[PDB]
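Shown next, in structure tokens, is the structure this report addresses.
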Amino acid sequence: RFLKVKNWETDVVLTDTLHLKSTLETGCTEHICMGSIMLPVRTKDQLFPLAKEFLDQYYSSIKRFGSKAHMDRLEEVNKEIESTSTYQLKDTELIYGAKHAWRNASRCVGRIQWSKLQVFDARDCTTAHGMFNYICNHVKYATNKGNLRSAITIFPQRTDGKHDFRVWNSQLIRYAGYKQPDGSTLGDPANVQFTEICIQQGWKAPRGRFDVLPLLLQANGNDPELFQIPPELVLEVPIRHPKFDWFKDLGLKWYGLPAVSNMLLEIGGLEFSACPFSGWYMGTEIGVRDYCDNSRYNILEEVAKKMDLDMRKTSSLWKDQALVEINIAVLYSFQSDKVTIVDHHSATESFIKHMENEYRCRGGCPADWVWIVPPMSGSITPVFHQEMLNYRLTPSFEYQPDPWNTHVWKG
Amino acid sequence: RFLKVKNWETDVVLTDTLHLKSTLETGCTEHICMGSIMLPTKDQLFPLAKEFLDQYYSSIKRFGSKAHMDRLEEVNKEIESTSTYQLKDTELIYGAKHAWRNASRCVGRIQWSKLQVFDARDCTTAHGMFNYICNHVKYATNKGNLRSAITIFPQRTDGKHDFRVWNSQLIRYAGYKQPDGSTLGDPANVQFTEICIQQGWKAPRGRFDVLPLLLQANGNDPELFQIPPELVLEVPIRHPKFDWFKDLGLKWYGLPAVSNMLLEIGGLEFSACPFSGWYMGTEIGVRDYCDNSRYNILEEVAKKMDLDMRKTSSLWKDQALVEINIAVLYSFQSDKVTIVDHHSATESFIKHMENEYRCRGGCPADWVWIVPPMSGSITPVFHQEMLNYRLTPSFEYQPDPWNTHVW
Ligand code: HEM
Ligand code: HEM
Ligand SMILES: CNCCN(C)c1cccc(CCc2cc(C)cc(N)n2)n1
Ligand SMILES: CNCCN(C)c1cccc(CCc2cc(C)cc(N)n2)n1
Ligand SMILES: C[C@H](O)[C@H](O)[C@H]1CNc2nc(N)[nH]c(=O)c2N1
Ligand SMILES: C[C@H](O)[C@H](O)[C@H]1CNc2nc(N)[nH]c(=O)c2N1
Ligand SMILES: [Zn+2]
């Protein structure tokens with residue numbers, strides 16, 4: 001079968017065949033679309049076809065499909081599964097797997113970069129201290145003094161589900177949040193629950209507006225341990241505005257390295273429950289969501305006052321006006337300090353080119369419009385006008401439950 | 001089978017059961033989501049009538065009444081005999097209000113029950129259609145105090161006797177292709193602006209010429225009429241701080257009036273059913289003015305503001321976008337013409353959703369369309385999970401008539 005998508009601004013029509021190789025479900029049916037819903041141990045039985053499919057993919061990409069090397073590898077994996085009930089990926093396979101998980105990530109606007117991913121193999125790790133060391137090296141490599149480099153670190157795969165490696169932080173670098181007795185929040189409201197856990201686990205909180213959280217690291221299904229990331233490894237950027245001099249006195253800053261650490265990486269039926277990955281920020285992630293969401297730092301008002309906008313009627317668009325000036329500030333600050341960042345115009349334009357290229361060389365590009373379209377100025381970006389097909393390919397990144405809800409405590 | 005939707009800003013969780021009453025298809029499958037795609041007999045007719053009459057009579061608390069069963073048999077006998085049937089006025093009004101209620105892409109549905117329905121099923125000619133349409137325009141415009149309305153022309157019979165309004169909206173600006181290869185007026189209407197000329201319309205070849213109506217009654221050839229200029233309320237666009245803005249020469253019309261959709265009620269098809277409400281500011285300032293395949297004035301405005309247009313990262317496009325939208329709102333408000341900003345309209349839709357959840361069991365909604373085209377995440381609808389599904393009565397798309405009509 002063939003499926004067409006149309007860009008309603010250019011009238012370019014692309015044809016998708018790649019969706020035929022789709023395995024996983026979407027959540028939608030002929031009778032309902034679940035497109036805007038945020039969040040919609042394997043047996044010997046299920047494992048071999050999942051492995052075979054992946055190795056077929058891998059060997060195709062290297063133009064060795066049907067070769068003796070291909071056949072021998074399938075036989076070896078087969079034997080290993082029936083003897084040990086799991087299997088180990090070769091280095092080459094792991095790298096290919098991790099790059100393709102990113103490539104297949106339909107909510108990611110940054111995928112033009114997918115083939116440039118530094119893969120750190122941490123499968124020999126056994127303790128939380130060893131995890132800390134690997135993560136420290138990842139942060140140093142990825143930061144690169146401001147000249148950011150995409151990377152992923154991969155800890156040992158799941159076995160019986162009782163010896164999982166997990167990074168309990170949602171991101172390697174994130175600011176604490178503290179609920180006050182008066183109901184107000186100091187710091188990042190999104191991180192209150194995790195901050196509470198850290199404190200209970202022994203963290204001494206300085207209790208400021210921008211305290212970098214410690215790492216909470218779980219190895220081999222053991223109880224998690226607290227580690228502090230060396231401050232000299234945490235690159236931060238003070239936020240100022242090119243024309244507004246009072247903006248610096250708002251006291252804002254942010255970290256340079258966006259590094260997601262709570263997702264599950266699935267490759268050929270194997271599950272890697274700890275696989276922190278990092279790239280660089282699109283400006284609106286910070287300026288629109290982190291700073292201006294009502295449920296986060298929420299500075300729209302304070303900024304709006306300082307600009308002396310008419311804040312009486314929403315139709316003055318004072319919220320919209322402040323939002324833009326803030327996003328100008330975030331971009332200006334990072335560029336001035338020479339920390340890698342991309343604006344939403346540049347990012348979305350690059351994504352359209354990537355997607356066209358993918359339709360031509362691969363037969364499609366799974367994409368989630370609800371997430372691809374930026375959270376400000378939607379229709380003046382080329383993605384808004386682009387029809388997109390959403391479906392799931394493997395290898396892939398998946399959500400998993402928060403560890404504090406599932407963990408069996410040793411004490 | 002019972003579905004929950006979460007608002008990620010307020011943690012309010014709603015439970016949806018209404019989707020179980022859905023009959024039509026979404027385009028999605030378990031293997032692929034098509035959420036961002038813009039486009040999708042006697043024996044067939046009676047269950048549709050029944051389904052419709054059942055919900056009608058349920059709404060008036062007379063489900064399982066003699067009056068219910070009576071109408072059901074009467075309609076059945078009418079179909080068995082005439083191969084169609086006619087709606088009572090009460091049912092017609094119910095169906096139209098519910099078609100709006102069920103429109104999953106419409107952010108303005110909180111007003112759904114306050115719709116003025118004009119029954120034009122006695123109309124037989126294009127001059128008659130014109131008259132009904134002028135009356136609709138004048139009633140809805142109301143000197144700037146806008147009122148929602150729909151006018152319903154005769155239903156489809158054998159597909160040969162179709163009533164159609166050829167225009168996409170009752171009021172729209174012409175579009176012409178100029179020697180340069182550029183475009184004067186509205187690029188969206190070039191093809192239609194030419195079908196008007198190619199039918200006899202003398203164009204002022206200006207930038208903002210109100211298009212003529214092209215009206216098709218009972219299948220016959222379409223005819224041209226100019227809407228009395230005194231019936232077309234327009235707003236000069238000025239900025240409340242930039243005195244140079246008024247010299248850009250922009251204006252827009254007050255009345256958004258969609259005329260190319262198909263209204264389906266109880267299996268019956270109303271191919272000509274123009275409806276109108278009032279604008280959300282972004283439709284004009286973001287889409288009409290700043291879209292690249294429309295009036296596309298961002299560059300000109302940015303210049304006038306003397307912004308650094310060297311690098312995308314100065315966000316000069318964004319800055320100007322906001323100002324253009326401030327001006328649209330300011331101009332309509334100053335000239336006393338009904339308009340709503342995107343903040344107000346989305347706040348209203350949230351309240352409406354919550355009302356619909358507790359009184360109906362849900363509210364079909366298309367997030368891709370409900371979220372405004374600027375400042376999306378600072379509006380409450382961005383953080384709102386929504387379920388999209390198709391209920392009837394409904395408004396549907398239908399083919400452009402100039403590809404189907406046999407002269
Ligand atoms: C290098 C520059 C990158 C940029 C500019 C970028 C941008 C984004 C943005 C804006 C989102 C939306 C998430 C949100 O708004 O909260 C996203 C999602 C995502 N990104 Fe990228 N990203 C980059 C690199 C990467 C890398 C290196 C990986 C993995 C190796 C990755 C994997 C993903 C995945 C799996 C999602 C979906 C998350 C979900 O489903 O919730 N990205 N990306
Ligand atoms: C009264 C104020 C109203 C407001 C503020 C409003 C707002 C909107 C907006 C912004 C859209 C998105 C369409 C686009 O961006 O092009 C929309 C879609 C729609 N509206 Fe409303 N509307 C109003 C009245 C009405 C009325 C009176 C009806 C019918 C009786 C209606 C039926 C629809 C339908 C069927 C769609 C979706 C059409 C499609 O699928 O393309 N609206 N509305
Ligand atoms: C529910 N989604 C938010 C947290 N998750 C799972 C997530 C996953 C991938 C990307 C993001 C946004 C943060 C981010 C990460 C990376 C690696 C790059 C970037 N520009 N931004 N977040
Ligand atoms: C791609 N579809 C856009 C044109 N169509 C069919 C359409 C249908 C309903 C509404 C609109 C937007 C114009 C409009 C109409 C009405 C009645 C109110 C309003 N604020 N805006 N457009
Ligand atoms: C490709 C995508 O479906 C298309 O650009 C849609 C996106 N969302 C929209 N939303 C509204 N309200 N109106 C539109 O015309 C569109 N266009
Ligand atoms: C309910 C809705 O799906 C949810 O708010 C989504 C909308 N789109 C998004 N898009 C991005 N990039 N990031 C997000 O967190 C969200 N949130
Ligand atoms: Zn869907």
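Each ligand, and each atom within it, is numbered from 1 in the order the structure gives. A note on names: the letters A, B, ... follow the listed sequences, proteins ahead of strands, and every chain is numbered from 1.
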Shortest heavy-atom approach to [atom] - which of [options]:
atom                    : options                                : answer
atom 34 (C) of ligand 1 : A/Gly110, A/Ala105, A/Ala98            : A/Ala105
atom 1 (C) of ligand 1  : A/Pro276, A/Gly279, A/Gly283           : A/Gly279
atom 19 (C) of ligand 3 : A/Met263, A/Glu398, A/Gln113, A/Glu285 : A/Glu285

Item to check | Test side chain to side chain contact (heavy atoms under 4.5 Å, CB included) applied to A/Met376 and B/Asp318, step by step | outcome: CA-CA 9 Å; A/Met376 69 180 284; B/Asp318 312 70; 3.4 Å; yes
How many angstroms lie between atom [atom1] of [X] and atom [atom2] of [Y], to the nearest 0.5 angstrom?
X        : Y        : atom1 : atom2 : value
B/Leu233 : B/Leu146 : CG    : CG    : 7.5 Å
A/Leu393 : A/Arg103 : CG    : CZ    : 9.5 Å
B/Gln116 : B/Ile150 : CD    : CD1   : 11.5 Å
B/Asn292 : A/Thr10  : CG    : OG1   : 10.5 Å
A/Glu398 : A/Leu24  : CD    : CG    : 6.0 Å

Answer side chain, backbone, both or neither: which part of [X] comes under 4.0 Å from ligand 1, heavy atoms only.
X        : answer
A/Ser278 : backbone
A/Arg107 : both
A/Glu285 : side chain

Nearest protein heavy-atom contact for [atom]: which residue, which atom, what distance?
atom                    : value
atom 32 (C) of ligand 1 : A/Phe277 CE1, 3.6 Å
atom 41 (O) of ligand 1 : A/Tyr399 OH, 2.1 Å
atom 7 (C) of ligand 1  : A/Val109 CG1, 4.0 Å
atom 5 (C) of ligand 1  : A/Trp280 O, 3.5 Å
atom 22 (N) of ligand 3 : A/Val260 CG2, 3.6 Å
atom 24 (C) of ligand 1 : A/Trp102 CZ2, 3.5 Å
atom 12 (C) of ligand 1 : A/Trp371 CE3, 4.0 Å
atom 36 (C) of ligand 1 : A/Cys108 CB, 4.2 Å
atom 18 (C) of ligand 4 : B/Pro256 CG, 3.7 Å

Item to check | Side-chain H-bond candidate by donor/acceptor type, B/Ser276 with B/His136, under 3.5 Å | outcome: yes
Checklist entry - How does A/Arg107 reach ligand 3, by side chain, by backbone, by both or by neither, if only non-hydrogen atoms under 4.0 Å count? => result neither
Next on the checklist: Below a 4.0 angstrom heavy-atom separation, can you tell me which part of A/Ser170, side chain or backbone, both or neither, approaches ligand 3?
Outcome noted: neither
With under 30° as parallel and over 60° as perpendicular, where do the rings of [X] and [Y] fit, or are they tilted in between?
X        : Y        : result
B/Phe118 : B/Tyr139 : perpendicular
A/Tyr255 : A/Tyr281 : tilted
B/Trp402 : B/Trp166 : tilted
A/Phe277 : A/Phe397 : tilted

Item to check | Six-ring centre of B/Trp8, B/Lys6 cation under 6.0 angstrom, axis tolerance 45° | outcome: yes
Checklist entry - Quick one: does NZ or CZ of B/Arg109 land under 6.0 Å from the six-membered ring centre of B/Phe349, within 45 degrees of the ring axis? => result no
Item to check | CA sep, side-chain torsions, deciding dist, call: A/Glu9, B/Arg294, salt bridge (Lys or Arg N to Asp or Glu O under 4.0 Å) | outcome: CA-CA 9 Å; A/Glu9 182 170 60; B/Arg294 301 291 303 286; over 6 Å; no
Item to check | Interfacing atoms of ligand 4 (cut-off 4.0 Å, heavy-atom, B/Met38) | outcome: 1 (C)
Check ligand 3 against [X] and write out every atom of the ligand that is under 4.0 Å from a heavy-atom position of the residue.
X        : answer
A/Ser278 : 17 (C)
A/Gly279 : 17 (C)
A/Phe277 : 17 (C)
A/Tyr399 : 1 (C), 2 (N), 6 (C)
A/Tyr281 : 20 (N)

Might you check, step by step, whether the distance between [atom] and some protein heavy atom is under 4.0 Å?
atom                    : value
atom 11 (C) of ligand 4 : yes
atom 8 (C) of ligand 4  : yes
atom 3 (C) of ligand 3  : no

Checklist entry - How does B/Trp278 reach ligand 4, if at all, at less than 4.0 Å between non-hydrogen atoms: by side chain, backbone, both, or neither? => result backbone
Checklist entry - Side chain, backbone, both or neither: which part of B/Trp369 has a heavy atom under 4.0 Å from ligand 4? => result side chain
Next on the checklist: Among B/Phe192, B/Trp252, B/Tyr295, which residue satisfies the ring-ring contact (aromatic ring centres under 6.0 Å, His included) criterion with B/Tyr173?
Outcome noted: B/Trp252
Next on the checklist: With a 6.0 Å cut-off (strictly less than), is the heavy-atom count around CD of B/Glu347, excluding the residue itself, greater than 12?
Outcome noted: no
